[PDB]
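The structure file work-v9.txt is reproduced below (compact mmCIF, N, CA and C atoms (P, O5', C5', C4', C3', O3' and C1' of nucleotides)).
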```txt
# COMPACT_ATOMS: atom_id res chain seq x y z
N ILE A 1 99.87 78.00 35.67
CA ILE A 1 100.36 78.56 34.41
C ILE A 1 100.38 77.45 33.36
N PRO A 2 99.68 77.62 32.24
CA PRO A 2 99.49 76.50 31.31
C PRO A 2 100.62 76.26 30.33
N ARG A 3 101.84 76.77 30.59
CA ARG A 3 102.88 76.69 29.56
C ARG A 3 103.33 75.25 29.30
N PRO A 4 103.88 74.49 30.28
CA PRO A 4 104.46 74.77 31.59
C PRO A 4 105.98 74.68 31.54
N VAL A 5 106.66 74.69 32.70
CA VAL A 5 108.09 74.41 32.73
C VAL A 5 108.35 72.99 32.26
N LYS A 6 109.35 72.83 31.38
CA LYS A 6 109.67 71.53 30.80
C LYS A 6 111.14 71.16 30.97
N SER A 7 111.84 71.79 31.91
CA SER A 7 113.25 71.52 32.14
C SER A 7 113.48 71.15 33.60
N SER A 8 114.34 70.17 33.82
CA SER A 8 114.74 69.82 35.18
C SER A 8 115.87 70.74 35.64
N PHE A 9 116.08 70.77 36.95
CA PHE A 9 117.15 71.59 37.50
C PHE A 9 118.53 71.05 37.17
N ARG A 10 118.64 69.80 36.72
CA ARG A 10 119.92 69.30 36.23
C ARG A 10 120.23 69.84 34.84
N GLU A 11 119.24 69.87 33.95
CA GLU A 11 119.44 70.42 32.61
C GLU A 11 119.56 71.94 32.62
N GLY A 12 119.11 72.60 33.69
CA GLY A 12 119.16 74.04 33.74
C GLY A 12 117.93 74.67 33.12
N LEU A 13 117.25 75.53 33.87
CA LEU A 13 116.05 76.17 33.37
C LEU A 13 116.40 77.29 32.39
N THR A 14 115.44 77.61 31.53
CA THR A 14 115.56 78.78 30.68
C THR A 14 115.14 80.02 31.47
N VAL A 15 115.14 81.18 30.81
CA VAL A 15 114.87 82.43 31.50
C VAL A 15 113.40 82.51 31.92
N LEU A 16 112.48 82.21 31.00
CA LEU A 16 111.06 82.35 31.30
C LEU A 16 110.59 81.32 32.31
N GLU A 17 111.09 80.09 32.21
CA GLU A 17 110.68 79.05 33.15
C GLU A 17 111.14 79.40 34.57
N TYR A 18 112.35 79.94 34.69
CA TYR A 18 112.84 80.38 36.00
C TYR A 18 112.02 81.55 36.53
N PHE A 19 111.70 82.51 35.66
CA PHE A 19 110.87 83.64 36.07
C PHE A 19 109.48 83.17 36.50
N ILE A 20 108.97 82.11 35.87
CA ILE A 20 107.68 81.55 36.26
C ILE A 20 107.79 80.86 37.62
N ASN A 21 108.90 80.16 37.86
CA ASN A 21 109.10 79.47 39.14
C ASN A 21 109.19 80.46 40.30
N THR A 22 109.76 81.65 40.05
CA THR A 22 109.94 82.63 41.11
C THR A 22 108.61 83.04 41.75
N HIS A 23 107.53 83.08 40.95
CA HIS A 23 106.20 83.37 41.47
C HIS A 23 105.86 82.46 42.64
N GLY A 24 105.84 81.15 42.38
CA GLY A 24 105.46 80.20 43.41
C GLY A 24 106.43 80.19 44.57
N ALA A 25 107.73 80.36 44.30
CA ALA A 25 108.70 80.36 45.39
C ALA A 25 108.44 81.49 46.37
N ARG A 26 108.32 82.73 45.87
CA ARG A 26 108.09 83.86 46.76
C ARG A 26 106.72 83.77 47.44
N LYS A 27 105.71 83.29 46.71
CA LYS A 27 104.39 83.13 47.30
C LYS A 27 104.44 82.17 48.48
N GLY A 28 105.11 81.04 48.31
CA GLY A 28 105.23 80.08 49.40
C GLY A 28 105.97 80.64 50.59
N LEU A 29 107.05 81.40 50.34
CA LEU A 29 107.81 81.96 51.45
C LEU A 29 106.97 82.94 52.27
N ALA A 30 106.28 83.87 51.58
CA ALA A 30 105.46 84.84 52.30
C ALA A 30 104.30 84.16 53.02
N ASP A 31 103.70 83.15 52.38
CA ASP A 31 102.61 82.42 53.01
C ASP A 31 103.07 81.72 54.29
N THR A 32 104.27 81.13 54.25
CA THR A 32 104.83 80.53 55.46
C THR A 32 105.02 81.58 56.55
N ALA A 33 105.53 82.75 56.17
CA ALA A 33 105.78 83.81 57.15
C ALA A 33 104.50 84.24 57.85
N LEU A 34 103.40 84.35 57.11
CA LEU A 34 102.13 84.71 57.74
C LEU A 34 101.55 83.54 58.54
N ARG A 35 101.80 82.32 58.09
CA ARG A 35 101.30 81.14 58.78
C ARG A 35 101.91 81.01 60.17
N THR A 36 103.15 81.47 60.36
CA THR A 36 103.72 81.49 61.71
C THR A 36 102.85 82.29 62.67
N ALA A 37 102.46 83.50 62.28
CA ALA A 37 101.64 84.34 63.16
C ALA A 37 100.26 83.73 63.38
N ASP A 38 99.69 83.12 62.34
CA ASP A 38 98.40 82.46 62.50
C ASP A 38 98.48 81.34 63.54
N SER A 39 99.52 80.50 63.44
CA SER A 39 99.70 79.42 64.41
C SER A 39 99.93 79.96 65.81
N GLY A 40 100.69 81.06 65.93
CA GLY A 40 100.92 81.64 67.24
C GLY A 40 99.64 82.13 67.90
N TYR A 41 98.79 82.81 67.14
CA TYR A 41 97.53 83.28 67.70
C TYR A 41 96.62 82.11 68.09
N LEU A 42 96.58 81.07 67.25
CA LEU A 42 95.78 79.89 67.61
C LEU A 42 96.28 79.26 68.90
N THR A 43 97.60 79.14 69.05
CA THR A 43 98.16 78.58 70.28
C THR A 43 97.80 79.42 71.49
N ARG A 44 97.89 80.75 71.37
CA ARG A 44 97.57 81.61 72.50
C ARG A 44 96.12 81.47 72.93
N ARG A 45 95.20 81.47 71.96
CA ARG A 45 93.79 81.36 72.31
C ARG A 45 93.47 80.01 72.93
N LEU A 46 94.03 78.93 72.37
CA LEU A 46 93.78 77.61 72.95
C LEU A 46 94.38 77.49 74.34
N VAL A 47 95.53 78.12 74.58
CA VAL A 47 96.12 78.11 75.91
C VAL A 47 95.23 78.83 76.91
N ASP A 48 94.68 79.98 76.51
CA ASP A 48 93.78 80.71 77.40
C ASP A 48 92.55 79.87 77.73
N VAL A 49 91.93 79.27 76.72
CA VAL A 49 90.70 78.51 76.95
C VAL A 49 90.95 77.29 77.82
P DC B 1 46.30 108.58 59.58
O5' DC B 1 46.61 107.68 60.86
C5' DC B 1 45.63 107.52 61.87
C4' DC B 1 46.03 106.44 62.87
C3' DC B 1 47.49 106.49 63.32
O3' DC B 1 47.58 106.22 64.71
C1' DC B 1 47.03 104.38 62.37
P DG B 2 48.85 106.73 65.56
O5' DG B 2 49.60 105.37 65.96
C5' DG B 2 48.94 104.42 66.79
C4' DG B 2 49.58 103.05 66.64
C3' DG B 2 51.10 103.04 66.80
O3' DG B 2 51.46 102.40 68.02
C1' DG B 2 50.36 101.70 64.92
P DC B 3 52.57 103.06 68.98
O5' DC B 3 53.70 101.94 69.09
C5' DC B 3 54.34 101.45 67.91
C4' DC B 3 54.15 99.95 67.78
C3' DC B 3 55.43 99.15 67.88
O3' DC B 3 55.15 97.83 68.35
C1' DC B 3 54.61 99.07 65.65
P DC B 4 56.35 96.87 68.83
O5' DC B 4 56.71 96.04 67.51
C5' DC B 4 57.92 95.31 67.44
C4' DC B 4 57.94 94.43 66.21
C3' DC B 4 59.30 93.85 65.85
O3' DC B 4 59.13 92.62 65.16
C1' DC B 4 58.63 95.38 64.18
P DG B 5 60.33 91.55 65.11
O5' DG B 5 60.79 91.57 63.57
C5' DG B 5 61.96 90.86 63.17
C4' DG B 5 62.13 90.92 61.67
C3' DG B 5 63.54 90.62 61.18
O3' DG B 5 63.51 89.93 59.94
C1' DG B 5 62.98 92.87 60.65
P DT B 6 64.86 89.29 59.34
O5' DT B 6 65.43 90.43 58.37
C5' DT B 6 64.71 90.78 57.20
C4' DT B 6 65.43 91.87 56.43
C3' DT B 6 66.92 91.63 56.20
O3' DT B 6 67.21 91.72 54.80
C1' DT B 6 66.54 93.82 57.06
P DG B 7 68.72 91.55 54.27
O5' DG B 7 69.25 93.06 54.16
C5' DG B 7 68.49 94.01 53.43
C4' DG B 7 69.12 95.39 53.52
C3' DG B 7 70.64 95.41 53.34
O3' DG B 7 70.99 96.22 52.23
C1' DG B 7 69.97 96.69 55.25
P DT B 8 72.52 96.30 51.73
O5' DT B 8 73.05 97.66 52.37
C5' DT B 8 72.29 98.85 52.24
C4' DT B 8 72.90 99.97 53.05
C3' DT B 8 74.42 100.08 52.95
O3' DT B 8 74.78 101.38 52.50
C1' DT B 8 73.71 100.12 55.23
P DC B 9 76.33 101.75 52.24
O5' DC B 9 76.77 102.46 53.60
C5' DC B 9 75.92 103.44 54.17
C4' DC B 9 76.40 103.82 55.56
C3' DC B 9 77.92 104.01 55.69
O3' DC B 9 78.19 105.27 56.27
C1' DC B 9 77.09 102.60 57.41
P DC B 10 79.70 105.79 56.44
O5' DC B 10 79.95 105.71 58.01
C5' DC B 10 79.01 106.33 58.90
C4' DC B 10 79.47 106.19 60.34
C3' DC B 10 80.97 106.37 60.56
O3' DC B 10 81.21 107.18 61.69
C1' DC B 10 80.27 104.22 61.33
P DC B 11 82.71 107.56 62.12
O5' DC B 11 83.06 106.45 63.22
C5' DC B 11 82.12 106.15 64.24
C4' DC B 11 82.58 104.97 65.07
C3' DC B 11 84.09 104.92 65.34
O3' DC B 11 84.32 104.94 66.74
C1' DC B 11 83.27 102.80 64.64
P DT B 12 85.82 104.97 67.32
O5' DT B 12 86.09 103.44 67.71
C5' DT B 12 85.18 102.76 68.56
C4' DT B 12 85.65 101.34 68.82
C3' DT B 12 87.15 101.19 69.09
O3' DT B 12 87.37 100.35 70.21
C1' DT B 12 86.50 99.74 67.34
P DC B 13 88.79 100.35 70.96
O5' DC B 13 89.43 98.94 70.57
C5' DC B 13 88.87 97.74 71.09
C4' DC B 13 89.31 96.54 70.27
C3' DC B 13 90.82 96.32 70.20
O3' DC B 13 91.18 95.18 70.98
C1' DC B 13 89.75 96.00 68.07
P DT B 14 92.74 94.85 71.24
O5' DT B 14 93.16 93.94 70.00
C5' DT B 14 92.61 92.64 69.84
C4' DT B 14 93.04 92.02 68.52
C3' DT B 14 94.53 92.04 68.26
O3' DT B 14 95.12 90.84 68.74
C1' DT B 14 93.23 92.53 66.28
P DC B 15 96.71 90.75 68.98
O5' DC B 15 97.31 90.47 67.52
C5' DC B 15 96.91 89.30 66.80
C4' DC B 15 97.38 89.37 65.36
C3' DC B 15 98.82 89.77 65.17
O3' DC B 15 99.67 88.64 65.31
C1' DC B 15 97.39 90.78 63.51
P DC B 16 113.17 139.60 72.93
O5' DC B 16 113.62 140.12 74.37
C5' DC B 16 112.71 140.86 75.17
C4' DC B 16 112.41 142.21 74.54
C3' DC B 16 112.68 143.41 75.44
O3' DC B 16 113.76 144.17 74.91
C1' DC B 16 110.36 143.36 74.72
P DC B 17 115.22 144.06 75.56
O5' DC B 17 115.20 145.13 76.75
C5' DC B 17 114.90 146.48 76.46
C4' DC B 17 113.93 147.04 77.48
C3' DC B 17 114.47 147.18 78.89
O3' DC B 17 115.01 148.49 79.07
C1' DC B 17 112.14 146.52 78.80
P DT B 18 115.89 148.83 80.37
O5' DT B 18 114.80 149.26 81.46
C5' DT B 18 113.84 150.26 81.17
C4' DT B 18 112.85 150.40 82.30
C3' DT B 18 113.49 150.45 83.69
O3' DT B 18 113.33 151.74 84.25
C1' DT B 18 111.58 148.97 83.62
P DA B 19 114.10 152.12 85.61
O5' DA B 19 113.08 151.70 86.76
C5' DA B 19 111.73 152.16 86.71
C4' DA B 19 110.93 151.59 87.87
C3' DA B 19 111.69 151.51 89.20
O3' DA B 19 110.86 151.98 90.26
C1' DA B 19 110.81 149.39 88.66
P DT B 20 111.49 152.36 91.69
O5' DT B 20 110.63 151.49 92.72
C5' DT B 20 110.18 150.20 92.33
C4' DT B 20 109.41 149.53 93.45
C3' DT B 20 110.13 149.51 94.79
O3' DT B 20 109.18 149.48 95.84
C1' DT B 20 110.04 147.31 93.88
P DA B 21 109.67 149.48 97.37
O5' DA B 21 109.58 147.94 97.79
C5' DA B 21 108.37 147.23 97.61
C4' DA B 21 108.55 145.76 97.93
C3' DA B 21 109.38 145.47 99.18
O3' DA B 21 108.71 144.53 100.00
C1' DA B 21 110.24 144.27 97.33
P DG B 22 109.22 144.22 101.49
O5' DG B 22 109.75 142.72 101.39
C5' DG B 22 108.92 141.73 100.79
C4' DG B 22 109.74 140.53 100.37
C3' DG B 22 110.68 139.98 101.45
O3' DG B 22 110.50 138.57 101.56
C1' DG B 22 111.83 140.26 99.42
P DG B 23 111.11 137.75 102.81
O5' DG B 23 111.97 136.61 102.12
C5' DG B 23 111.35 135.71 101.20
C4' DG B 23 112.39 134.92 100.41
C3' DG B 23 113.38 134.13 101.25
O3' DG B 23 113.71 132.92 100.57
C1' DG B 23 114.54 135.70 99.94
P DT B 24 114.69 131.83 101.25
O5' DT B 24 116.07 132.02 100.45
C5' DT B 24 116.11 131.78 99.05
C4' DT B 24 117.54 131.84 98.53
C3' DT B 24 118.56 131.05 99.33
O3' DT B 24 119.54 130.51 98.45
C1' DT B 24 119.18 133.32 99.32
P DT B 25 120.39 129.21 98.88
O5' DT B 25 121.90 129.71 98.80
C5' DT B 25 122.39 130.30 97.60
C4' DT B 25 123.60 131.18 97.87
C3' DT B 25 124.69 130.54 98.74
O3' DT B 25 125.97 130.96 98.28
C1' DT B 25 124.03 132.54 99.69
P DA B 26 126.72 130.16 97.10
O5' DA B 26 128.20 130.76 97.10
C5' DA B 26 128.43 132.13 96.76
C4' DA B 26 129.28 132.81 97.81
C3' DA B 26 130.11 131.85 98.67
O3' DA B 26 131.53 131.85 98.30
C1' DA B 26 129.02 133.56 100.00
P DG B 27 132.39 133.18 98.00
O5' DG B 27 132.04 134.19 99.19
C5' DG B 27 132.48 135.54 99.12
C4' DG B 27 132.92 136.05 100.49
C3' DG B 27 134.06 135.27 101.15
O3' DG B 27 135.01 136.19 101.69
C1' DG B 27 132.26 135.49 102.65
P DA B 28 136.45 135.69 102.22
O5' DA B 28 136.57 136.40 103.65
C5' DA B 28 136.44 137.81 103.76
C4' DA B 28 135.97 138.23 105.15
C3' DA B 28 136.89 137.79 106.29
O3' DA B 28 136.99 138.84 107.26
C1' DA B 28 134.72 136.95 106.65
P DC B 29 138.09 138.76 108.42
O5' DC B 29 137.23 138.61 109.76
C5' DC B 29 136.72 139.77 110.42
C4' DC B 29 136.05 139.40 111.73
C3' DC B 29 136.97 138.78 112.78
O3' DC B 29 136.63 139.26 114.08
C1' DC B 29 135.24 137.26 112.26
P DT B 30 137.56 138.90 115.34
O5' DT B 30 136.77 137.73 116.09
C5' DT B 30 135.61 138.04 116.86
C4' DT B 30 135.07 136.80 117.55
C3' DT B 30 135.94 136.24 118.68
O3' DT B 30 135.12 135.70 119.70
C1' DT B 30 135.75 134.63 116.96
P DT B 31 135.75 135.15 121.08
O5' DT B 31 135.32 133.62 121.09
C5' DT B 31 133.96 133.27 120.90
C4' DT B 31 133.81 131.80 120.54
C3' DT B 31 134.48 130.82 121.50
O3' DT B 31 133.55 129.84 121.91
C1' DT B 31 135.09 130.35 119.25
P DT B 32 133.85 128.90 123.17
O5' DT B 32 134.04 127.46 122.52
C5' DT B 32 133.17 127.03 121.48
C4' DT B 32 133.73 125.80 120.78
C3' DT B 32 134.44 124.81 121.71
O3' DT B 32 134.11 123.48 121.34
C1' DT B 32 135.87 125.42 119.96
P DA B 33 134.05 122.32 122.45
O5' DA B 33 134.55 121.02 121.67
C5' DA B 33 133.87 120.59 120.50
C4' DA B 33 134.85 120.07 119.46
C3' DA B 33 135.66 118.84 119.87
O3' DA B 33 135.81 117.97 118.75
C1' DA B 33 137.12 120.60 119.32
P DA B 34 136.74 116.67 118.84
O5' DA B 34 138.17 117.19 118.35
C5' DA B 34 138.29 117.80 117.07
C4' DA B 34 139.74 117.86 116.65
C3' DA B 34 140.60 116.68 117.11
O3' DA B 34 141.46 116.27 116.06
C1' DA B 34 141.56 118.70 117.86
P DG B 35 142.17 114.83 116.10
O5' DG B 35 143.71 115.18 115.91
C5' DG B 35 144.12 116.00 114.82
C4' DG B 35 145.44 116.69 115.13
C3' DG B 35 146.56 115.76 115.61
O3' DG B 35 147.76 116.05 114.91
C1' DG B 35 146.30 117.55 117.10
P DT B 36 149.09 115.20 115.19
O5' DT B 36 149.86 116.04 116.31
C5' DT B 36 150.13 117.42 116.09
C4' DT B 36 151.03 117.99 117.17
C3' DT B 36 152.06 117.02 117.74
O3' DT B 36 153.37 117.56 117.59
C1' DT B 36 150.94 118.19 119.48
P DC B 37 154.67 116.67 117.88
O5' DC B 37 155.26 117.29 119.23
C5' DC B 37 155.68 118.65 119.26
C4' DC B 37 156.06 119.06 120.68
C3' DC B 37 157.08 118.15 121.37
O3' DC B 37 157.99 118.94 122.15
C1' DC B 37 155.16 118.30 122.68
P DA B 38 159.34 118.28 122.74
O5' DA B 38 159.98 119.44 123.63
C5' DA B 38 159.13 120.35 124.35
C4' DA B 38 158.93 119.90 125.79
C3' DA B 38 159.93 118.86 126.30
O3' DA B 38 160.78 119.45 127.29
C1' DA B 38 157.67 118.37 126.97
P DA B 39 161.89 118.57 128.05
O5' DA B 39 161.16 118.12 129.40
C5' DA B 39 160.66 119.11 130.30
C4' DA B 39 159.87 118.48 131.43
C3' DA B 39 160.63 117.42 132.24
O3' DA B 39 160.45 117.63 133.63
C1' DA B 39 158.58 116.54 131.48
P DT B 40 161.14 116.65 134.70
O5' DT B 40 160.06 115.49 134.93
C5' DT B 40 158.73 115.83 135.32
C4' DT B 40 157.98 114.60 135.81
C3' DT B 40 158.86 113.52 136.47
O3' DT B 40 158.22 113.05 137.67
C1' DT B 40 157.50 112.56 134.85
P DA B 41 159.02 112.10 138.70
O5' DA B 41 157.92 111.77 139.82
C5' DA B 41 156.54 111.72 139.47
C4' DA B 41 156.06 110.28 139.30
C3' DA B 41 156.93 109.21 139.97
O3' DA B 41 156.14 108.49 140.92
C1' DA B 41 156.39 108.61 137.72
P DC B 42 156.77 107.29 141.78
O5' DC B 42 156.26 105.98 141.01
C5' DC B 42 154.87 105.81 140.76
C4' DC B 42 154.61 104.56 139.92
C3' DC B 42 155.30 103.29 140.42
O3' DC B 42 154.38 102.21 140.41
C1' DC B 42 155.83 103.66 138.14
```
Rendering of file as structure tokens:
Amino acid sequence: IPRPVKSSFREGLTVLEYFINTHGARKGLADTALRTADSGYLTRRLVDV
DNA sequence: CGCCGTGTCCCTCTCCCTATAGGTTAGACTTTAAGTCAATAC
């Protein structure tokens, strides 16, 4: 996002900067959740082989 | 005229009432194993 956020968490974010941060936060959380299953399947296949 | 590669698509796997005939059980009668007492001997 080319804006970008220009406030630290000590100064306190504005409304739009926080709303922009929420994108990446939720994306990372969901990506981690799917990465667990990916790692599990890789482990199972390598164990079988 | 006669056969072979490439492409697309489909599919699969993963994360009512009546009438007859026959079998079943429940219920009571007489018999039997069972619980009981009284006298006795060592």
Handout entry: Residue hits in chain A, query chain B, radius 6.5 Å, all atoms listed in the file, as a ChimeraX atom specification
Key = /A:37-38,41
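As for atom C of residue 15 of chain A and atom CA of residue 31 of chain A, they are spaced 23.7 Å apart.
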Practice task
Find the distance between atom CA of residue 26 of chain A and atom CA of residue 44 of chain A and write it in Å to one decimal.
Solution key: 27.9 Å
Exercise for the section: Would you work out the distance separating atom CA of residue 3 of chain A from atom N of residue 29 of chain A, expressed in Å to one decimal? Expected result: 21.7 Å
